[PDB]
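In: Coordinates only, no sequence provided:
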RNA sequence: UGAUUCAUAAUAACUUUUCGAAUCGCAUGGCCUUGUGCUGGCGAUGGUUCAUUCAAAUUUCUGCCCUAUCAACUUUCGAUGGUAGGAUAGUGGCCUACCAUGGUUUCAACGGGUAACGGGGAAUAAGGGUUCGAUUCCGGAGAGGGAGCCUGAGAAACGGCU
RNA sequence: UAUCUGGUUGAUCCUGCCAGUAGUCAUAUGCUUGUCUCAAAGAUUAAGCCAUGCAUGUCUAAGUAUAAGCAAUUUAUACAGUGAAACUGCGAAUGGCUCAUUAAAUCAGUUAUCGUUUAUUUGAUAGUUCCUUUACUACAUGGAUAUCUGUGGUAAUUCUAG
Ligand SMILES: [Mg+2]
Ligand SMILES: [Mg+2]
Ligand SMILES: [Mg+2]
Ligand SMILES: [Mg+2]
Ligand SMILES: [Mg+2]
Ligand SMILES: [Mg+2]
Ligand SMILES: [Mg+2]
Ligand SMILES: [Mg+2]
Ligand SMILES: [Mg+2]
Ligand SMILES: [Mg+2]
Ligand SMILES: [Mg+2]
Ligand SMILES: [Mg+2]
Ligand SMILES: [Mg+2]
Ligand SMILES: [Mg+2]
Ligand SMILES: [Mg+2]
Ligand SMILES: [Mg+2]
Ligand SMILES: [Mg+2]
Ligand SMILES: [Mg+2]
Ligand SMILES: [Mg+2]
Ligand SMILES: [Mg+2]
Ligand SMILES: [Mg+2]
C-alpha cells in the first residue's frame, strides 16, 4: 500500500525466529540486507532470544554500539541487520565465533565455531554474467557479487569466500555425489549426497538427495546448497548433522538419554 | 531459624554488557519475603561484588512463602553498571537519582505550543507587548 | 487593509486569491514542495493601503532623529575565507587566523572572548584528506588493473588447456 | 494487537437436562468424591471423553503403522503417569474404557483422604482449600489437582501452618492469650 | 538460458553533454632534490549503470452467495482482433488513425439483488454437512462526497495541496 | 463422546409439522455478583455529525553555527567549546482506524517481468572532461537566501512585505 511497508507484526514474523506469540505487538522487521526477509535472521533475535547475551532490545542495541559484534568481517550497528544462512557472527568480547547454520527442525542453530574456521564463508552461486568493461562477475544467493571468478564457476555452484578480503579461495562444482545442505521448506536443515537432477524446462530443477541414513528426499535446486564431497563437508555442522530423525526415534532418544 | 538460603541459577557471564547475569533463586524457611537490599547484600558477600554493582529485579514469591525466584546481575564495576543499566533500576537501587520532570500530557501540550509558534519567542513577546496598548 | 500583502508583478489595485508554490514570495511552505492558494494584494497602489514600503535611496536635507543620523552596524560578518578576503582587500598571500570581529562578553565578574567558525581554506587537514582520496582513487584503480591482468592470464591458461584437450582426433 | 489469548469452554453440559437416573448417578458420584457441583463431573467427563475420542481415532488407523503407534503410546504413558490407568493395562483399547470414577479417585481431593490425613472427604477438601497440604513442598489448594502417583507418596501436610506442626494457628493463639490474661 | 533482436563488445554519429569528490570528524606518517617541497592513514557522504534487498505494477492457471418474475448482451460514445503510431517505468484498445467483423452465452453470458470487503479462520460437531467470518494475521479498498494534481524512490496521500 | 420426548385420536398406526431439548470468542437484555488468572468491548443504526486536547517529526567525534545565548577557560590573530533559529538532508506513502464500495472484481494458492520501476540495502566499479600541442583558474570559484535584527500591515489565520 502506497509504498514500502516498514513494520513486521509478531504473528506475521517468520516462524524460525522462534519468537513468543505474546510479549509485544511486533517483531523486528529485518531491514534491507544481503538476505531475504523470511530466510534471514536479525541481530536482535540472535543476541536476545537465542544467545540471551542481551535481556532486551535496548541491551542488544548497546552491545551493537559497543561494536564487539561483527557479522562477516564488517562491524554492523543495526539491530535488524539480516544475518542469514552461512553468515559468520563474531563477538570479539567472549571470542564466541558463530556461523549461522540451520537445525534439523529448521530454526537457526547457534553453532559455536572455532576462530580458524570462522574466517571464510561458504556461499552459493546465483548468477554468472559480465558487467561493464566486459568483466565477468559471479553473484551469490548469500549476498555478495565477486568480480573475476574462475571461468568454470557456473550457476548453483558453491564458493569459499575469504571474507576478510572478499575474494575466492576455492569452489565446489554442483554434481552427482557431492555433499549438499538444504535450505527450503520440509527438508530445510538436512544434509545429503545428490543422486539425480531432474532437468525440467523452466519449472524448477528437482534434486533426489540421500542422507547418511540412506533416507531419500527431494528438493528444488534453489533450495539446495553444495557443502562439500561425501565425508568431507567444508563447514562444521551442528549436532545431528542434517540427519533429521523420525518422531518415534526422536522420542526414544529423549527417553533413553536420562542422565541426571 | 532460616538463614536466607540464596542460590544463583543460570549464570551467564557477559563480557559484552560487562556483567554476570543470572536467575536469583532464594529461600525463606519460616521467614516470609526476602527483601531486595538483603538479597543484594547476600550477592555481594557471595561474589565479592558490592551492592553498588549488584542489580536485581523481578521475583514474585512462589506460593505459600518458602521460595522466591528473581533475576539478578552483578556488573564488572559500579561505573559499568551505571552506564548500562536502565535508569529506573538505578533509582530503585538508590545509586542514581529520580529524574524530576513534567507530566507527559503537559509536555505534549508544550511541544504543540512550540510548534504553533515560529522563530524565536522573544519577537512574539515584543509584539504582544506592543499590542498591549491597542 | 484586512492584511494581504502587495505582491510584485501581479497588477490591479485589488485583493486576489492566488496559488503560490515554493520559490516565490507570499508562502512559507510547511511541506518540502507544497503549493497553496493564498490571497494576495495586487502590485498597484490604491486607497485601501495602510502602508507603502519605501526605500529611502538618495538623501535630502533634514535628517530625522535617528533614521539618517545614527548607524546600526552589521550583526554578522564574512563567514567564508573568500568572503573575508573580499571584505578586506588582501589576496591569497596574506595568510590566516585574524580578520574577524572577536567579541568580549561578561557573565558578571569573568570577562571573555568570542570568535566565529569561519569556512573554506587551504586547511592542512583538508589537504591531507584530499591527498588520501587521491591515493585511494589511484591505488584502487591499480589493484583493479592487476586483477584484470591476472584474470586475462588465467583465461589464456584455460584456452591453452582446451587446445591441448582438443588436439587428438 | 498482540495475539488472541486462546481458551476453551472446556467443560460441557449433557445433551438432555433431566435424565433422572443419570442425575441420580451424578449425585452419587458427587457424594463419593465430595464435589461442589455437577460442573466438576461434567469437566471430568469431557476430559475422559476427549481421551476416548483420541483412542477411537487411533484405532481407526492400523496399530503397527506410525502415528497410531507413537501418539497412542504417548497418551497411554501420560495416563499411567496420572495414575488412572493401571500397570496391567497399557494397550490403548484399555484406555478406551477408563470411566469418570477412576479419574475422580486420582484427585488431590481424595488422595488426601485415601492416605488418611483428613478424615471424611469434605474435611480433606476444606483442609486443601485452607492453605494446608503441599504435594511437593509447594502448597496445593486446588481440590481437582490430579495427583501424579509418582508424587503421591510425597503428599504431606504443609511445611508451614499447623497439622504439619510449624505454628499452632490463630484460635490457639487467642486461647493462649486468654490463659495468660487469666 | 528451455528459449531472444539476451548478456555484452565494437563501428557511426548526435547530446539544449548526465556523471567525472573546489565535502565534514579524527589522527598528524614517509623521503629529503632542506623547499615548507612532494608525498601517504582512519573514515563520512555523494555519484554511474550492473547486483541484491526491501519492494512495484502487471500477469498465467483454477476456484465465489441468491435470482430466468434477468436470454440475449457487447458493438453510435472500444466491443473483439489486426496494422501502425501515441503514451507509459514498461506489457497491452491503455489512447489515436486506418481496416476487418468479431467477442461472450443454457458448461447460465448479460442484467438484478445482497441487511457481500476476500481469505486465514469461527460456531456446530459420528460420516457428509450447515451457517457465520465488521473484528488481533495476510491481502484489498476509503479518509464527508466525487474530481484533479504538487513534492517525492514510492501518494493520485487527505493528521499535503486545488 | 451417531440419543429423541408432548401435541389431531373415542382408541390405532402413519404423512406431517408445531413445541420442547443442547450449543454458539452470537448480540441484546433481566435479575443477581465475594476472590485468583485471562480478558473482548460505537462493527450491526448513520462510511452520520463533531467543541477541546493530543496522535510525526528529527542532529551525531563527523552539514552550517561570532544566538550581541549558555557558559568559560590556559589551540583560534580565517575557524575549533556548546548551540536557539533557520536553509540542506531524510521522515512524514509506515503505523493506526474503518468495511462504504466491490461478485471473476477483490481474494486464495499457483505461475510469469525474455514486460518493467525500485530511495533504501549490501556487493560493485569510471587515467580519454582537453580538441592542434611556444606563455593556460588553483594550496580552494561565485553571488544569493534564511536565522537574526530592523522598517510594518491586519478584525483575524501554524499570514509574512521592506
Ligand atoms: Mg523461468
Ligand atoms: Mg571545511
Ligand atoms: Mg498462611
Ligand atoms: Mg542488446
Ligand atoms: Mg504497441
Ligand atoms: Mg461474506
Ligand atoms: Mg457492503
Ligand atoms: Mg474479514
Ligand atoms: Mg456493514
Ligand atoms: Mg487489515
Ligand atoms: Mg464521518
Ligand atoms: Mg484524496
Ligand atoms: Mg484525522
Ligand atoms: Mg495517513
Ligand atoms: Mg445427522
Ligand atoms: Mg385427521
Ligand atoms: Mg382428545
Ligand atoms: Mg425448534
Ligand atoms: Mg457504526
Ligand atoms: Mg521541519
Ligand atoms: Mg496502513
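Out: Looks like it arrived, so ask away. Residues are numbered from 1 along each chain as shown, chains lettered A, B, ... in the order given. Ligands and ions are numbered 1, 2, ... in the order given.
In: Neighbours of the residue of chain C at minimum distance from chain B, how many?
Out: Residue of chain C nearest chain B, by CB to the nearest CB: residue C:28 (8.1 Å). (Each C-beta comes from the backbone N, C-alpha and C, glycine too.) By the criterion of other CB atoms under 10 Å in any protein chain shown, residue C:28 has 9 neighbours.
In: who's in contact with stretch B:105-112?
Out: Stretch B:105-112 has contacts (CB atoms under 8 Å, 6 or more residues apart in numbering or on different chains) with B:101, B:102.
In: Please name the residues that touch the residue in chain A that chain C sits nearest to.
Out: Residue nearest to chain C within chain A: residue A:148 (4.4 Å; CB to the nearest CB). Counting by CB under 8 Å, 6+ apart, residue A:148 touches A:135, A:136, A:137, C:147, C:148, C:150, C:151.
In: Let's see that with 7 Å instead.
Out: Neighbour list for residue A:148: A:135, A:136, C:147, C:151 [criterion: CB atoms under 7 Å, 6 or more residues apart in numbering or on different chains].
In: out of the residues you listed, which are inside helices?
Out: Members of the contacts of residue A:148 lying in helices (criterion: DSSP state H): C:147, C:151.
In: Relative to RNA strand E, which of the contacts of residue A:148 is nearest.
Out: residue A:135 (6.9 Å; CB to the nearest atom of the strand).
In: any idea how far that closest one is from residue A:129?
Out: Using CB to CB, to the nearest Å, we find residue A:135 at a distance of 10 Å from residue A:129.
In: So for the two, which residue has more residues nearby?
Out: residue A:135 (14 against 10).
In: quick one: that one and residue A:149 touch, right?
Out: No. With contact defined as CB atoms under 7 Å, residue A:135 does not reach residue A:149; the gap is 10.6 Å.
In: one step back: farthest pair within the contacts of residue A:148?
Out: Greatest spatial distance among these (CB to CB): A:136 and C:147, at 11.7 Å.
In: Tell me how far the residue most central in space within chain C lies from residue C:119.
Out: Geometric centre of chain C, nearest residue: residue C:80, 10.6 Å, by CA atoms, centre = their mean. Residue C:80 sits 5 Å away from residue C:119 when distances are taken as CB to CB.
In: what does residue A:16 give?
Out: In terms of CB to CB, residue A:16 sits 53 Å off from residue C:119.
In: Neighbour count: the two, which is higher?
Out: Per other CB under 10 Å, whichever of residue A:16 and residue C:119 has more neighbours is residue A:16, with 19 against 13.
In: ok, the more buried one to residue A:52 distance?
Out: When distance is defined by CB to CB, residue A:16 is 18 Å away from residue A:52.
In: repeat for residue A:2
Out: Where residue A:52 is concerned, residue A:2 sits at a distance of 38 Å (CB to CB).
In: When these two are compared, which one has more neighbours?
Out: More crowded of residue A:2 and residue A:52, by other CB under 10 Å: residue A:52, with 12 against 4.
In: Look up which helix or strand the closest residue to the more buried one other than its chain neighbours falls in, please.
Out: Leaving aside its chain neighbours, residue A:52 sits nearest to residue B:12 (6.4 Å; criterion: CB to CB, 6 or more residues apart in numbering or on different chains). If you go by DSSP states H and E, residue B:12 is part of strand B:6-14.
In: so what strands line up beside that strand?
Out: strand B:19-27 (antiparallel) (DSSP bridges).
In: Would you mind getting the angle between the next helix or strand after the partner strand and strand B:19-27?
Out: Sequence-wise, the next helix or strand downstream of strand B:19-27 (DSSP H and E) is helix B:36-47. With axes from the mean of the first three to the mean of the last three CA atoms, to 10 degrees as the basis, helix B:36-47 and strand B:19-27 are set at 120 degrees to each other.
In: what packs against helix B:36-47?
Out: strand B:6-14, strand B:54-61, strand B:67-75 (3 or more CB pairs under 7 Å, 6 or more residues apart in numbering or on different chains; DSSP states H and E).
In: Hmm, residue D:45 and residue D:10 touching each other?
Out: No. When contacts are counted by CB under 7 Å, residue D:10 is not listed as touching residue D:45 (11.0 Å).
In: ok, these two, which is more surrounded?
Out: residue D:45 (18 against 10).
In: which secondary structure element contains whatever residue of the stretch 151-260 of chain A ends up closest to chain D?
Out: The stretch 151-260 of chain A approaches chain D most closely through residue A:248 (4.7 Å), counting by CB to the nearest CB. Residue A:248 belongs to helix A:247-256 when assigned by DSSP H and E.
In: neighbouring contacts of that helix?
Out: With CB under 7 Å, 6+ apart as the test, helix A:247-256 has contacts from A:245, D:66, D:69, D:70.
In: Need the max-distance pair from the residues you listed.
Out: Farthest-apart pair in these is A:245 and D:69; separation 15.2 Å (CB to CB).
In: Looking at the two now, which is surrounded by more residues?
Out: In terms of neighbours (other CB under 10 Å), residue D:69 is the more surrounded of residue A:245 and residue D:69; the figures are 17 against 14.
In: quick one, what contacts that one?
Out: A:248, D:63.
In: give me phi/psi at it?
Out: The phi/psi pair for residue D:69 (degrees, to the nearest 10) reads phi -60, psi -40.
In: what does the stretch 1-150 of chain A have sitting close to chain B?
Out: Applying CB under 7 Å from any CB of the partner chain, one finds that the stretch 1-150 of chain A approaches chain B through A:52, A:53, A:55, A:58, A:59, A:62, A:63, A:66, A:68, A:91, A:93, A:94.
In: Recalculate using a threshold of 6 Å.
Out: Residues of the stretch 1-150 of chain A lying close to chain B (CB under 6 Å from any CB of the partner chain) are A:53, A:63, A:68, A:93, A:94.
In: And those, which is closest to residue D:49?
Out: Looking at the residues of the stretch 1-150 of chain A next to chain B and their distance to residue D:49, the nearest is residue A:53, at 47.3 Å (CB to CB).
In: For residue B:14, name its beta-bridge partners.
Out: What pairs with residue B:14, by the bridge criterion (DSSP bridges), is residue B:19.
In: one step back: the residue nearest to the centre of chain C and residue C:118 touch, don't they?
Out: No. Between residue C:80 and residue C:118 there is no contact under CB atoms under 6 Å: 7.2 Å.
In: What are the boundaries of the helices in chain D?
Out: Using DSSP H, helices in chain D cover D:20-32, D:38-60, D:66-82, D:100-105, D:108-113, D:122-129, D:171-181.
In: does residue A:171 count as helix, strand or coil?
Out: In three-state terms, and counting by DSSP: H, G, I helix; E, B strand; the rest coil, residue A:171 is strand.
In: Please work out how many residues are found near it.
Out: With other CB under 10 Å as criterion, residue A:171 counts 21.
In: again, but for residue C:141
Out: Residue C:141: 10 neighbours (other CB under 10 Å).
In: For it, pull up the helix or strand it's in.
Out: Counting by DSSP H and E, residue C:141 is found in helix C:124-166.
In: do that helix and chain A meet?
Out: Yes. Counting by CB under 6 Å from any CB, chain A is contacted by helix C:124-166 at C:147, C:151, C:158.
In: who's in contact with the second one?
Out: Spelled out, it's residue C:151. Residue C:151 sits next to residue A:148 when contact means CB atoms under 6 Å, 6 or more residues apart in numbering or on different chains.
In: Fine by me, thanks again.
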